[PDB]
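Trainee: Chains B and A, in that order, are what the protein sequence lines are. Letter by letter, the first sequence follows residues 1 to 152, 155 to 167, 170 to 221, 225 to 305 of the entry's author numbering. Letter by letter, the second sequence follows residues 1 to 47, 51 to 153, 155 to 168, 170 to 221, 224, 228 to 229, 231 to 242, 245 to 259, 261, 264 to 266, 268 to 275, 279 to 305 of the entry's author numbering. Here's a structure for you.
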Amino acid sequence: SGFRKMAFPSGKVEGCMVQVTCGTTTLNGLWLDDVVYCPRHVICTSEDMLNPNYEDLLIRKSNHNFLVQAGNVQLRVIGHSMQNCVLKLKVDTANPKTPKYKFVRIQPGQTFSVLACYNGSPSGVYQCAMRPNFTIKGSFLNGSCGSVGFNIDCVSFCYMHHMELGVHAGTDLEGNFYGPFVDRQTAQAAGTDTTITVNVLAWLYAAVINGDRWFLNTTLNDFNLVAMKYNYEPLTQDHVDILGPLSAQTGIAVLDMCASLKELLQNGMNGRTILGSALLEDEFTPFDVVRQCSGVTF
Amino acid sequence: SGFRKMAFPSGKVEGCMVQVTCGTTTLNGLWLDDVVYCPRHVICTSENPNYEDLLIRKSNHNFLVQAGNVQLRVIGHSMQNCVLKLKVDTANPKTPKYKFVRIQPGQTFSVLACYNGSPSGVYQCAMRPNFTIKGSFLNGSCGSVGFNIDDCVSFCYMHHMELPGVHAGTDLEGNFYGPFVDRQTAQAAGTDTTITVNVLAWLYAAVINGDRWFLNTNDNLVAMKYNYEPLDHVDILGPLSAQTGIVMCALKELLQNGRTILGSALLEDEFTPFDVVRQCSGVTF
Ligand SMILES: *C(=O)c1ncc(Br)cc1OCc1cc(Br)ccc1Cl
Ligand SMILES: *C(=O)c1ncc(Br)cc1OCc1cc(Br)ccc1Cl
């Protein structure tokens with residue numbers, strides 16, 4: 001019973017979070033095996049961030065300029081290299097707490113948990129979606145850079163935080181930004197954002213599963232005309248296929264739930280609520296809904 | 001910036017979760033030092052328990068405790084209120100510094116939702132004024148715990165039962182929160198009001214993050236009509254008043274008139293003043 005925005009348990013990620021200092025600049029880094037990953041802007045001074053020349057700033061750095069602490073212990077750095085927008089510090093000890101892990105680039109509309117960190121120490125954990133425009137609506141203060149996002155006994159790291167634009173932007177663990185962003189203190193346009201349609205649909209399924217059925221009353228090509236109108240992502244057959252399991256478990260056909268949603272979009276909610284929300288929620292994937300509704304564990 | 005319902009990091013609790021089996025009943029237990037804690041209804045079959056009689060028919064070896072692959076050896080069992088305490092022959096080497104704490108209504112904690120001794124997820128809950136919680140709890144989640152962290157984990161909640170709707174449980178001494186008992190009967194939770202001091206803390210969080218529009224001066232008279240907990246609550250809200258230069265209750270206009281605040285089309289009451297400050301200033305653990 002109940003339905004909650006639920007983060008993954010964070011223990012395996014917590015044992016990977018270290019502090020990285022370079023100059024006055026300090027942020028979080030991710031220690032897996034003998035490599036520490038962090039945003040390359042750890043090397044920028046106050047004046048550098050407006051237009052940093054990362055190649056030329058890194059040239060002025062030596063291994064011993066990088067202070068890496070994993071708790072009270074200090075790691076010694078035996079090599080440094082830049083891969084796109086992430087710095088990779090080789091250190092002489094492999095992390096004993098390294099989990100089984102992969103590095104993944106998620107697709108827009110996919111969700112992950114963020115372990116917000118400061119000075120290499122965890123502060124909290126929360127579930128996020130990658131917006132269609134490759135920003136994320138998170139909770140990130142000064143110093144949170146290098147906090148990571150992930151999905152789970156194997157941790158798939160998908161996101162490292164790099165900058166607050170009120171929305172947030174960063175990279176995969178190969179240092180490639182999500183979206184058009186660059187790592188410089190400039191104004192940068194995020195796209196026109198849209199609602200993640202397949203996720204709203206999944207969340208309506210969760211609603212029906214938990215007893216909220218008041219909204220239950225089209226064609227794919229026709230629903231998409233409505234979706235386009237309300238700045239919703241178009242629905243593809245791939246999305247319909249991924250909604251399969253929930254359609255079977257609940258016994259409502261996906262194009263039927265789509266007619267329900269069209270009505271919600273064209274008519275609003277009349278001050279009613281769905282799963283305790285007065286807006287349509289789009290930060291649950293069809294996997295998340297299934298995960299939670301069936302209690303899968305890690 | 002930004003503002004999210006944030007759960008505490010769960011690692012220190014994950015190392016404490018175990019599977020407890022009695023008969024053909026399995027749920028979650030909490031292994032700290034040489035003691036495993038779980039709901040005493042682990043000893044109940046499917047067929051109004053007399054727990055003392057049921058426990059009397061149970062011996063130490065009828066309780067199977069697993070920590071991952073390791074199986075612990077029970078060497079003692081007492082019942083304190085509604086918790087079973089199984090003394091095991093092994094202290095948990097992953098026991099964190101910890102306290103047992105009984106929270107007050109309107110306070111918040113993190114739930115590490117678990118099935119068969121294994122972590123499913125973590126989320127932030129508020130103890131509702133009527134001593135239920137609105138969580139996400141399936142059959143099997145019993146024994147999952149609620150907690151706050153300060155290197156010290158304060159356990160405040162053990163899950164005992166899904167009501168028709171919401172959730173109920175105990176403190177780690179086995180005393181239920183609220184008027185509930187560990188029996189499968191219809192049990193009423195009283196009317197549940199809104200946590201006024203929490204909604205105010207959330208409005209400060211909103212102002213800190215730039216949501217300004219809702220700013221427009228006993229007159231509690233309105234709170235009573237809209238079923239809000241009566242507004245000492247000012248003293249707790251002090252530091253937010255000092256940070257923003259704003261005690264705001266004139268929320269009155271919100272209640273009577275009804279756009280979004282911090283991305284919600286509802287007034288939110290599951291952030292305590294402490295939560296807002298922790299989050300808006302980067303408290304770590
Ligand atoms: C970002 O989270 C962050 N935290 C701490 C510190 Br010392 C710096 C930092 O980044 C600042 C930043 C990065 C970028 Br790519 C663009 C603008 C800014 Cl202000
Ligand atoms: C509750 O979360 C739970 N999970 C798994 C199992 Br095997 C049993 C269980 O409790 C069932 C229960 C407890 C109570 Br105090 C009242 C009614 C019910 Cl159904």
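We treat Cβ as the ideally placed atom computed from N, Cα and C, and that holds for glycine.
May I ask you to list the residues that DSSP assigns as paired with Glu166/A?
Mentor: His172/A
Trainee: Interface residues of chain B around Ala7/A at Cβ under 7 Å?
Mentor: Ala7, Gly124, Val125, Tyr126
Trainee: For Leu27/B, which of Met165/B, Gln299/B, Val13/B has the nearest alpha-carbon?
Mentor: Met165/B
Trainee: Output yes if chain B places a C-beta closer than 8 Å to the C-beta of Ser46/A; else output no.
Mentor: no
Trainee: Under 6 Å Cβ to Cβ from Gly15/A, same chain only, skipping five residues before and after it: list those, please.
Mentor: Residues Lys97 of the same chain have their beta carbon placed closer than 6 Å to that of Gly15/A, with the five preceding and five following residues left out of the count.
Trainee: Taking 8 Å as the cut-off, decide whether the C-beta atoms of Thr225/B and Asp289/B are in contact.
Mentor: no
Trainee: Can you tell me which residues form a DSSP beta bridge with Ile281/B?
Mentor: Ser284/B
Trainee: For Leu250/A, which residues from the same chain have a beta carbon less than 7 Å from its beta carbon, with the 5 sequence-adjacent residues on both sides left out?
Mentor: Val202, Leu205, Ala206, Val261, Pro293
Trainee: By the criterion of Cβ-Cβ separation under 7 Å, what are the contact partners of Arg4/B in chain A?
Mentor: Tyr126, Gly138, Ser139
Trainee: Using a beta-carbon distance below 8 Å, is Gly143/A in contact with chain B?
Mentor: yes
Trainee: Can you list, in chain order, the residues of its chain with a C-beta nearer than 7 Å to that of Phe134/B? Leave out the 5 residues immediately preceding and following it.
Mentor: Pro108, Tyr182, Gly183
Trainee: Can you pull the chain B residues whose beta carbon is under 7 Å from the beta carbon of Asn133/A, in chain order?
Mentor: Result: empty, since nearest Cβ-Cβ is about 15 Å, beyond 7 Å.
Trainee: Any heavy atom of ligand 3 closer than 7 Å to the beta-carbon of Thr26/B?
Mentor: Among the ligands modelled here, namely ligand 1 and ligand 2, ligand 3 does not occur.
Trainee: Please name the residue or residues paired with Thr111/B in a DSSP beta bridge.
Mentor: DSSP, once it has assigned bridges, lists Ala129/B as partnering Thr111/B.
Trainee: With distances taken between CB atoms, is the gap from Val86/B to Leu75/B smaller than 8 Å?
Mentor: no
Trainee: Nearest-angstrom Cα distance between residue 154/B and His80/B?
Mentor: The model of chain B omits the segment between 152 and 155, and residue 154/B is among the residues lacking coordinates.
Trainee: Under the assumption that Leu115/A contacts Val13/A (Cβ atoms under 8 Å), give the Cβ distance between them as a whole number of angstroms.
Mentor: 5 Å
Trainee: Could you check whether the Cβ of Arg4/B sits closer than 7 Å to any heavy atom belonging to ligand 2?
Mentor: no
Trainee: Closest Cβ-Cβ distance between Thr257/A and chain B: below 8 Å?
Mentor: Taking a beta-carbon distance threshold of 8 Å, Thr257/A does not count as an interface residue toward chain B.
Trainee: For the 8 Å Cβ check, are there 3 or more pairs between the region 120 to 127 of chain B and the region 33 to 48 of chain B?
Mentor: For the pair of segments examined, the region 120 to 127 of chain B was found not to touch the region 33 to 48 of chain B: the number of CB pairs separated by less than 8 Å stays below three.
Trainee: Under the three-state reduction of DSSP, which class applies to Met82/B: helix, strand or coil?
Mentor: Here DSSP, grouped into helix, strand and coil, assigns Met82/B to strand.
Trainee: Find out if the Cβ-Cβ distance for the pair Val171/A, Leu30/A is shorter than 8 Å.
Mentor: no
Trainee: Kindly say whether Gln299/B, judged by its beta-carbon, lies nearer than 8 Å to any beta-carbon of chain A.
Mentor: So, interface residue.
Trainee: Using beta-carbon positions only, say whether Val247/B and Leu232/B come within less than 8 Å of one another.
Mentor: no
Trainee: Within 7 Å: the Cβ of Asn65/A and any heavy atom of ligand 2?
Mentor: no
Trainee: Using 7 Å as the cut-off, classify the Cβ of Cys117/A as near or not near the heavy atoms of ligand 2, replying yes or no.
Mentor: no
Trainee: Tell me whether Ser144/B counts as near ligand 1, meaning its Cβ is closer than 7 Å to at least one heavy atom of that ligand.
Mentor: yes
Trainee: Quick check: does the Cβ of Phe181/A come within less than 7 Å of any heavy atom belonging to ligand 2?
Mentor: Result no, Cβ not under 7 Å from ligand 2.
Trainee: Under three-state DSSP, which class holds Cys156/B?
Mentor: strand
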